[PDB]
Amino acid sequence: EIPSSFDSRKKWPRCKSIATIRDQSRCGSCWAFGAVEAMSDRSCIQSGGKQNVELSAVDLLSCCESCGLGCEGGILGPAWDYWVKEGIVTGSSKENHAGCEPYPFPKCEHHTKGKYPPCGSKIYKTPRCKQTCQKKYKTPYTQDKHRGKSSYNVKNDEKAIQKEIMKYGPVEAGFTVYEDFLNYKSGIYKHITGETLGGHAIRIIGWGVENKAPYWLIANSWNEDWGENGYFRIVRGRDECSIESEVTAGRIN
């Protein structure tokens, strides 16, 4: 039976990644962020907390040849296939500089007010695939790789998505991003105004209902100043902006 609400941060609080919001910076790497966040969560959840890792967004973004155009956007299935086949090393944000390959780009404000420099309009070029851990990290790159066993698309059915998240952990999901999404501050989003800006990829961590209105609870990769402390909610059950139609995940065992 599916509960009225679910929050992965509450089910698996030993796994620090689940409540961590990241910042993709001035790069169209949402595809890689939703992937390594949900892979970090699932590596911990599915290993009973043995793997406590923050997986490197830059390793996936820079080294997966089949995942698309890097800082110009990517593709979800091949990202999870790369995790299964090649694996991904560890790496934190630029500012924290922990792990094998921390992210090279700084935090910035994405279409919203706050204390970080504005992201502005320029996009960085995709970083090179360097295959080298930072000097202080004393595991060689190939030996820091964490690999999945399987990956898959989740059925485009609300209950199937809920069951998947509650049993196996947060999922990555794509949706169509329209101009009014870049004005989101709080609440339950639905597309009302603006034209399409293409696809966006995020991490669904749970669901809930407020004033009879059902929603998905989602982490964006635009830092903690955007939205509801980095999260947003979106209508659930009506394939709003195709949110139930592009769900991808995988398992380590």
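All residue numbers refer to positions in the sequence shown, first residue = 1.
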Averaging the C-alpha temperature factors as deposited, the higher value of 104-112 versus 129-137 falls on 129-137
Should the higher mean CA B-factor in the entry be assigned to 143-151 or to 118-126?
-> 118-126
Among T90, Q162, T176, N156, the highest C-alpha B-factor in the PDB entry belongs to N156
From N223, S56, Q46, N52, the top C-alpha temperature factor is at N52
Tertile call for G187 (CA temperature factor, within chain, third-based) is the middle
Ranked C-alpha temperature factor of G77 among modelled chain residues, by third = highest
Assert third(CA B-factor, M166) within chain per record equals highest
By the record's CA B-factor, is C71 among the lowest, middle or highest third of residues in the chain?
-> middle
In terms of the CA temperature factor given in the entry, to which third of its chain does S40 belong: lowest, middle or highest?
-> lowest
